[PDB]
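Q:
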Amino acid sequence: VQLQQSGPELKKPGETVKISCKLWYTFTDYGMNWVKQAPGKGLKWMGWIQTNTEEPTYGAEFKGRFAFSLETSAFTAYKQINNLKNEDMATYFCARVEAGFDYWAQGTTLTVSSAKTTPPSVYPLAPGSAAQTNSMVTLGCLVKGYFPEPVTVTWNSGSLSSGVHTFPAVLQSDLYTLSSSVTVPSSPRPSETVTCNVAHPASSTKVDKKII
Amino acid sequence: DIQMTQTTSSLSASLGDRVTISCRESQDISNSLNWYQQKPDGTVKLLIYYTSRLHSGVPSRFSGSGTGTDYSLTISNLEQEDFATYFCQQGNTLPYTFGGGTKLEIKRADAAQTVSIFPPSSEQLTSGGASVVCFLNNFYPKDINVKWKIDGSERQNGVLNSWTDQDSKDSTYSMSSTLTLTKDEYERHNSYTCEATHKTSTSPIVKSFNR
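Here the protein sequences line up with chains C and V, keeping their order. Each residue of the first sequence is one higher than the one before, starting from -14 at the first, in our numbering. Each residue of the second sequence is one higher than the one before, starting from 717 at the first, in our numbering.
#1: At what residue ranges does the stretch 813 to 884 of chain V contain a whole run of the alpha helix (DSSP H), taking only runs of 4 or more?
#2: Alpha carbons only, please: which of C:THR11, C:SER147, C:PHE152, C:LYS191 is nearest the one belonging to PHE851 (chain V)?
#3: Please name the residue or residues paired with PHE152 (chain C) in a DSSP beta bridge.
#4: What would DSSP say about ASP900 (chain V), mapped onto helix, strand or coil?
#5: Which bits of chain V does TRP89 (chain C) rub up against, with CB to CB less than 9 angstroms?
#6: Could you name the residues of chain V that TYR108 (chain C) contacts, counting a contact when the two beta carbons are closer than 7 angstroms?
#7: According to DSSP, simplified to helix, strand and coil, what is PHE12 (chain C)?
#8: Taking a Cβ distance cut-off of 7 angstroms, strictly less, list which residues of the stretch 151 to 166 of chain C are near chain V, in chain order.
#9: Note down, in chain order, all residues in the stretch 790 to 813 of chain V with a beta-carbon under 8 angstroms from any beta-carbon belonging to chain C.
#10: Please work out which residues of its chain come closer than 8 angstroms, Cβ to Cβ, to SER165 (chain C), disregarding the five sequence neighbours upstream and downstream, and give them in chain order.
#11: Starting from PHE60 (chain C), trace the beta strand (DSSP E) both ways and give me its first and last residue.
#12: If we cut at 8 angstroms on Cβ distances, does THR767 (chain V) have a partner in chain C?
#13: With a 10 Å radius around its C-beta and 16 neighbouring C-beta atoms as the bar for buried, classify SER189 (chain C) as buried or exposed.
#14: Is there at least one Cβ from chain C nearer than 8 angstroms to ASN873 (chain V)'s Cβ?
#15: Whether or not the stretch 95 to 102 of chain C and the stretch 756 to 776 of chain V are in contact is what I'm after, with contact meaning three or more pairs of Cβ atoms, one per stretch, closer than 8 angstroms; do they touch?
#16: Name, please, each residue of chain V whose Cβ falls closer than 7 angstroms to the Cβ of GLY85 (chain C).
#17: Check the C-beta distance from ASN67 (chain C) over to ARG50 (chain C) and give it rounded, since I have them as a contact under 8 angstroms.
#18: Could you give the residue range of the beta strand (DSSP E) that holds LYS195 (chain C)?
#19: From the DSSP output, in three-state form, read off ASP757 (chain V) for me.
#20: If we cut at 8 angstroms on Cβ distances, does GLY780 (chain V) have a partner in chain C?
#21: Between the stretch 853 to 872 of chain V and the stretch 911 to 926 of chain V, can you find at least three pairs of beta-carbon atoms closer than 8 angstroms?
#22: Which class does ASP886 (chain V) belong to by DSSP, given the choice of helix, strand or coil?
#23: Within this structure, are the beta carbons of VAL136 (chain C) and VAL183 (chain C) separated by less than 8 angstroms?
#24: I'd like to check one pair, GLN882 (chain V) with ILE921 (chain V): are the Cβ atoms closer than 8 angstroms?
#25: Under three-state DSSP, which class holds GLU911 (chain V)?
#26: Under the rule that 16 or more other beta-carbon atoms within 10 Å means buried, what is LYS48 (chain C), buried or exposed?
#27: Exposed or buried, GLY44 (chain C), counting other C-beta atoms within 10 Å across all chains shown (16 or more means buried)?
#28: For a contact meaning CB atoms closer than 9 angstroms, what does residue 937 (chain V) contact in chain C?
#29: Would you grab the beta carbon distance between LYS64 (chain C) and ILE4 (chain C) for me? Rounded to a whole angstrom, and I think it's under 8 angstroms.
#30: In chain order, what residues of the same chain have a beta carbon less than 8 angstroms from the beta carbon of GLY16 (chain C), not counting five sequence neighbours either side?
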């Protein structure tokens, strides 16, 4: 028993998306739920779709642009959204309706942007002449100006695995920005060489940035 | 409508511990109250339905109880998987409604951070703009806040703070705070300040370089 969602999806405002959810038990016996979870938000019931009669029911804020398809013979319940707006990016889950939301899916994360696949700018960050007032020393790599997600950021191809902190991407200027820091002892900082490797799948961009 | 309110959005306990999460509804929901679990990778899972029925696959460490408008989920032998976010929902009427959730983060000692200021990279400079980066790492509890006071200027406008999650290994957080602007607007101020308010002190920790 399990529900498998589709996505992730990149959409520009205006297009429409059709998200799927397929299953493993007697499909038509149980209806289907759709839930919209927005980022720093909780879960909200968008609505149902009755599997046998094809009669859907909508939460009142999800009337109009949202519609419920379903293709019995294959065992997929759809959910398309027309006139995609900013408001719409979030993970969407499907859980069958029972004595509670029985089985859920993995969710499908929809992003709406009208921004193009952009490569990143890795700039290295360093103390410079700042006298290290500690036995630890810290470095960073700034990944700004990219789209979409995500970028994988390592230090020395993984060899520097501890001391590292890679911060969550911030959407500013309609493109992303993240940063990472490594913290190494006062001695292997400059003599040894510390470098950060960024790679952006979308744009086949991978670059190494050595530090001061 | 019918709202579900969870007393506290966040909660901090230790392993082996025992904790109780509340959820009160806006009006008598008979006993149509279910509990679910969301884990950091987004997956959700039914835990208890109809107030107190343990779902197939859920350990006996979970328990529910309640009536009328108040219910409680009690987790008794706190384990490492149980540090996720929990939700309540009513099955009494459409629209189905859930509560804001409540997240379990592991409790621990206090730790002020290790603060570091990084002056804008040359390669960037020689392009168009200049981002100042302030890293504040490995501190507890999560609450800290910062103002960019560049000698009588608070650049709250055009700042990007960013939060990490309770580091697996040592259970703290870390925050980046980037102050990105233009070569022009940087090349006239030459005096950038990074202020940081955290429990451990009353003295607002400030870090800088001035050129």
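Quick reminder that beta carbons are idealized off the backbone N, C-alpha and C, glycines included.
A: A quick look at the data gives this:
#1: 838 to 841
#2: Residue numbering aside, residue 851 (chain V) sits at position 135 when the second sequence is read from its first letter. Checked all of C:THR11, C:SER147, C:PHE152, C:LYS191; the closest Cα to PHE851 (chain V) is C:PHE152.
#3: Position 167 of the first sequence, counted from the start, is the residue given in the question as residue 152 (chain C). DSSP output for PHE152 (chain C) lists no bridge partner at all.
#4: Indexing the second sequence from 1 puts residue 900 (chain V) at position 184. Residue state, collapsed to three classes: helix.
#5: Taking the first sequence and counting its residues from 1, one reaches residue 89 (chain C) at position 104. Correct list: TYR752, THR759, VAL760, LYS761, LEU762.
#6: As a first step, residue 108 (chain C) must be located in the first sequence, where it is residue number 123. Per Cβ cutoff of 7 angstroms: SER837, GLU839, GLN840.
#7: Locating residue 12 (chain C) in the first sequence gives position 27, counting from the first residue. Reduced to three states, the DSSP call for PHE12 (chain C) is helix.
#8: Within the stretch 151 to 166 of chain C, the residues whose Cβ lies closer than 7 angstroms to some Cβ of chain V are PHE152, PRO153, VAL155, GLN157, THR162, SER164, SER166, listed in chain order.
#9: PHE803, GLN805, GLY807, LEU810, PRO811, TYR812, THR813
#10: For the purposes of this step, residue 165 (chain C) is identified with residue 180 of the first sequence, where counting begins at 1. Taken in chain order, the residues that qualify are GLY125, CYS126, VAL128, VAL138, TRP140, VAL149, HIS150, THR151, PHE152, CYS181.
#11: The count along the first sequence starts at 1 and reaches residue 60 (chain C) at position 75. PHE60 (chain C) -> no beta strand (DSSP E), and no H or E assigned at all.
#12: Mapped onto the second sequence, residue 767 (chain V) falls at position 51. For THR767 (chain V), the answer is no, since every Cβ of chain C falls outside 8 angstroms of its Cβ.
#13: Translated into the one-based positions of the first sequence, residue 189 (chain C) becomes position 204. It counts as exposed.
#14: Taking the second sequence and counting its residues from 1, one reaches residue 873 (chain V) at position 157. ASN873 (chain V) does not count as touching chain C.
#15: no
#16: Here residue 85 (chain C) refers to the residue found at position 100 when the first sequence is read from its first residue. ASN750, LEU762, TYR765, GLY807, listed in chain order.
#17: To locate residue 67 (chain C), count along the first sequence from 1; it is residue 82. To locate residue 50 (chain C), count along the first sequence from 1; it is residue 65. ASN67 (chain C) to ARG50 (chain C), Cβ: 5 angstroms. Contact.
#18: On the first sequence, position 210 is the one that residue 195 (chain C) refers to. Residues 190 to 195.
#19: On the second sequence, position 41 is the one that residue 757 (chain V) refers to. Three-state DSSP puts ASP757 (chain V) in coil, outside helix and strand.
#20: As a first step, residue 780 (chain V) must be located in the second sequence, where it is residue number 64. No, no contact with chain C.
#21: yes
#22: As a first step, residue 886 (chain V) must be located in the second sequence, where it is residue number 170. In this structure, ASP886 (chain V) counts as coil in the three-state DSSP scheme.
#23: Stepping through the first sequence from its first residue, residue 136 (chain C) is reached at position 151. Stepping through the first sequence from its first residue, residue 183 (chain C) is reached at position 198. A contact, by the Cβ cut-off of 8 angstroms.
#24: What you label residue 921 (chain V) is simply residue 205 of the second sequence in a count that begins at 1. What you label residue 882 (chain V) is simply residue 166 of the second sequence in a count that begins at 1. The answer is no: Cβ separation not under 8 angstroms.
#25: Within the second sequence, residue 911 (chain V) is the residue found at index 195, counting from 1. Three-state result, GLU911 (chain V): strand.
#26: Position 63 of the first sequence, counting from 1, holds the residue named residue 48 (chain C). That one is exposed.
#27: Within the first sequence, the letter at position 59 stands for residue 44 (chain C). Counting the other Cβ atoms within 10 Å of the Cβ of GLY44 (chain C) gives 16 or more, which makes it buried.
#28: A query on residue 937 (chain V) cannot be resolved here, the shown segment of chain V reaching from 717 to 927 and no further.
#29: On the first sequence, residue 64 (chain C) is found 79 positions in, with the first residue counted as 1. On the first sequence, residue 4 (chain C) is found 19 positions in, with the first residue counted as 1. The pair is a contact, with the Cβ atoms about 5 angstroms apart (cut-off 8 angstroms).
#30: Within the first sequence, the letter at position 31 stands for residue 16 (chain C). Scanning its chain for C-beta atoms nearer than 8 angstroms, with the 5 sequence neighbours on each side dropped, one finds around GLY16 (chain C) the residues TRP33, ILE34, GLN35, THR36, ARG81, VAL82, in chain order.
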